[PDB]
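Take a look at the letters that make up each chain.
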Amino acid sequence: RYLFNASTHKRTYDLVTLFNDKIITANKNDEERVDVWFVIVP
Amino acid sequence: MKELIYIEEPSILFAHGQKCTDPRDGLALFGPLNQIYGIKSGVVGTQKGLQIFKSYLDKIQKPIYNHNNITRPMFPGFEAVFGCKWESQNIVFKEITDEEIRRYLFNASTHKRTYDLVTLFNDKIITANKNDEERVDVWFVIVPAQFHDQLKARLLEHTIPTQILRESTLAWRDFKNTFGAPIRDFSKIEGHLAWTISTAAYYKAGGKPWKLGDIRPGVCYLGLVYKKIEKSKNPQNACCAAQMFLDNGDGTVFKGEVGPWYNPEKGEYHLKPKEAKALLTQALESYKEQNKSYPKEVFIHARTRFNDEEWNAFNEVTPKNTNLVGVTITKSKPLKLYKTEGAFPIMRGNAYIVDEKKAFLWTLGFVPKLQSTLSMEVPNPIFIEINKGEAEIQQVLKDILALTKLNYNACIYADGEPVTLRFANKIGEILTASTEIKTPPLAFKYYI
RNA sequence: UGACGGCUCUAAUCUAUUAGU
DNA sequence: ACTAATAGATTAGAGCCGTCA
Ligand SMILES: [Mg+2]
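Residues numbered from 1 in each chain as written, not as in the entry; some residues may be left out. Chains lettered and ligands numbered in written order. Part of a larger assembly, values for the part shown. Heavy atoms only, no water.

## A short note on the nonpolar core
Side chains that are nonpolar tend, in soluble globular proteins, to be buried together. All names here are of chain B. The condition that has to hold: What is meant by a nonpolar core is a set of buried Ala, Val, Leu, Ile, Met, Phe, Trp, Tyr and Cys residues, joined one to another through side-chain atoms within 4.5 Å. Accessible area is worked out with a 1.4 Å probe on protein chains only. A residue is then buried under 20% of its type maximum, exposed over 50%, and partly exposed in between. Only runs of H or I of at least four residues qualify as helices and only runs of E of at least two qualify as strands under DSSP, and these elements are numbered from the N terminus. We call two residues contacting when some pair of their heavy atoms lies within 4.5 Å.
Counting residues in hydrophobic clusters, the biggest one holds 39 residues, and the most contacted among them are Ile384, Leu406 and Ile427. Elements represented by at least two residues in this core include exactly strand 2 (12-14), strand 9 (326-330), strand 11 (359-361), strand 12 (382-386), helix 10 (393-401) and helix 11 (419-431). Not counting the four nearest positions on each side in its chain, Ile384 is found in contact with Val327, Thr328, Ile329, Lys357, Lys358, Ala359, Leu361 and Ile400. Residues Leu27, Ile36, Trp86 and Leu170 belong to the second largest nonpolar core, which totals 28 residues.

## Remarks on empty space enclosed by the protein
All names here are of chain B. Under the convention used in this document: Cavities and pockets were defined on a 1 Å grid built over protein atoms only: a cavity is a set of grid points that admits a 1.4 Å probe from which the probe cannot escape, a pocket is an open set flanked by protein on both sides within 12 Å along at least five of seven lines, and lining residues are those with an atom within 4 Å of any such point. Grid points are joined across faces, edges and corners, and a volume is the space filled by probe spheres set on the points. Ten residue types, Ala, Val, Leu, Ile, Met, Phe, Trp, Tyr, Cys and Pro, are classed as nonpolar, four, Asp, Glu, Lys and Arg, as charged, and the remainder, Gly among them, as polar.
As a volume, the largest cavity reaches approximately 270 Å³. Forming the walls of the largest cavity are 20 residues, and the residues nearest its centre are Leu224, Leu271, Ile300, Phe306 and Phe314. Of all elements in the fold, only helix 8 (273-291), strand 8 (300-302) and helix 9 (308-317) reach the threshold of two or more residues within the lining of the largest cavity. By residue number, the principal contributor to the lining of the largest cavity is helix 9, which donates 3 residues. Around the second largest cavity, the lining comprises 17 residues; the ones closest to its centre are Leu156, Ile430, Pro441, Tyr446 and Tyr447. Mapped onto the lining of the second largest cavity, the elements with two or more residues apiece are helix 5 (148-155) and helix 11. Taken together, the residues that form the lining of the second largest cavity break down as 14 nonpolar, 1 polar and 2 charged.

## Section: the UniProt feature "binding site: Mg(2+) 3" (unreviewed entry) in chain B
Residues and elements named next belong to chain B. Put simply, the test is: UniProt positions are given in the numbering used here, feature names are shortened, and annotations may be inferred rather than shown by experiment.
Under the feature "binding site: Mg(2+) 3" (unreviewed entry), the UniProt entry names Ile448. Topologically, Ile448 is positioned in the segment after helix 11. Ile448 has contacts with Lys204 and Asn409, leaving out every residue within four places of it along the chain.

## Some points on the UniProt feature "binding site: Mg(2+) 2" (unreviewed entry) in chain B
Residues and elements named next belong to chain B. As annotated by UniProt and renumbered to match this structure, "binding site: Mg(2+) 2" (unreviewed entry) occupies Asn409 and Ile448. Maximum C-alpha separation among the annotated residues is 7.2 Å over a sequence range of 40 residues, consistent with a single clustered spot. Mapped onto the secondary structure, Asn409 falls in the loop between helix 10 and helix 11. Here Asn409 falls in the partly exposed class, since its relative accessible area comes to 42%. If near-sequence neighbours (up to four positions away) are discounted, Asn409 is found in contact with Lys204 and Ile448. The partly exposed category is assigned to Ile448, whose relative accessible area is 21%.

## Some points on the protein's contact with RNA strand C
All names here are of chain B. What counts, and what does not: It suffices for a single heavy atom of a residue to lie within 4 Å of a molecule or strand for the residue to be listed as near it. Here a polar contact means two N or O atoms within 3.5 Å. Within protein one must be a hydrogen donor candidate and the other an acceptor candidate, and residues neighboring in sequence count only if both atoms are side-chain atoms.
The immediate surroundings of RNA strand C are formed by 22 residues, with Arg166, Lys331, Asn380, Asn407 and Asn409 found nearest. The sugar-phosphate backbone supplies 71% of the atoms of RNA strand C found within 4 Å of the protein. Residue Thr169 places a side-chain N or O atom 3.1 Å away from a phosphate oxygen belonging to RNA strand C. Here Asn409 contributes a side-chain N or O atom positioned 2.6 Å from a phosphate oxygen of RNA strand C.

Here it is as structure tokens:
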């Protein structure tokens, strides 16, 4: 949800952990070979 | 004086969503399922390896024949079967030291020489991957024994596909002996060699040749195996699980659960009580999150009878409405049969039921269309037993045969044992080379 | 390590008992 | 309460050799 500009450390850490774990799991789990990853952020 | 029940052979799928039996027929007729626009290679070794590999690669593009094409279909051409571009004008090459002062490798200190050579190769590959701008997909290694084991173990951390080919495999023409004859004559199975290398290269580049389409939903397959290791106190750890075979709304999956759970005892090949829970706990959620639902029915394969307390612990661990069955497969059981007439053996797919649980099954019987038998001599059966669990015997007997053709490392018509145990065994010896590996990857590409 | 199969020798724990200091 | 010697019956490594007359 919205936690204001405060807790900005947690604010960036949560999102970056989510994206990083998603990318790492995709790289180490899926079978199809990929070359580039285009990240779309709102 | 008992009738033997015959089970019809299952079928596989190919391009355009159509069915067939032999993978080679589908390849020569419809090719692969998914398509990759091409592959970019990369080679390491000596310049002799470079010229030999280039010569062989340009030899592949033209069709080749077999001694008796009915026994083995002909190879029509790499681009014909696949249409995937693979040329000999896009190869990168990193030179190796060639003076080779340590020419005494085969008769010297094994550990030091192996560590030095594997360090050299791995460091060169890492430097090439982390420095050069040009992209790479696979790597072929040519070398002129506890040797190939360490090569993949250290590189497993960096998630890079790899392949190794013997120096005598490609240029077998001049590989003569003291008599002068080739030591590994390949004058009859060159087409099948091309088949095997081409399919291995296509898979390891990210292409999926074929998938099953005669499977039922709500089922999961699993297997376990044990291997011997002695470092300090002989901890018979093993317990290297494999296979998941889950089914989402559409598709096949071969991730599996990996990690060497430890059995500290000496001869207790039976699983530890503490480690048992973690295996099923790590197996369940992988299917759950992909398919959004729990697996109603599950399967367990093995190769050794296990005690009761592990089964109990699994029973409390397993969720509601899930049946647990442990299927034991044995290969060394003398049940030599004989066809009454002719110089010719029995078919494949014949099953013999002795009781409610135990059974004898054949896989190495002649194909009706191959005009010959896979086994060199009269084949021997395999024994199937159900230790614990309640289910229908007939569907289990027919279902194992469906998993006798998913061998991606080769293009044989079928393999005796189901490839689940083969995958687990293959993971075993390659994951135990180095004990410093943490969180191993969950893909079959890197170590096959 | 091309991959499969058929073989050939070597080793080892778990039962249940005996002889044994 | 553990140390040797005979069996039945499981259970795992390695090493050769052919490739379907
Ligand atoms: Mg291989």
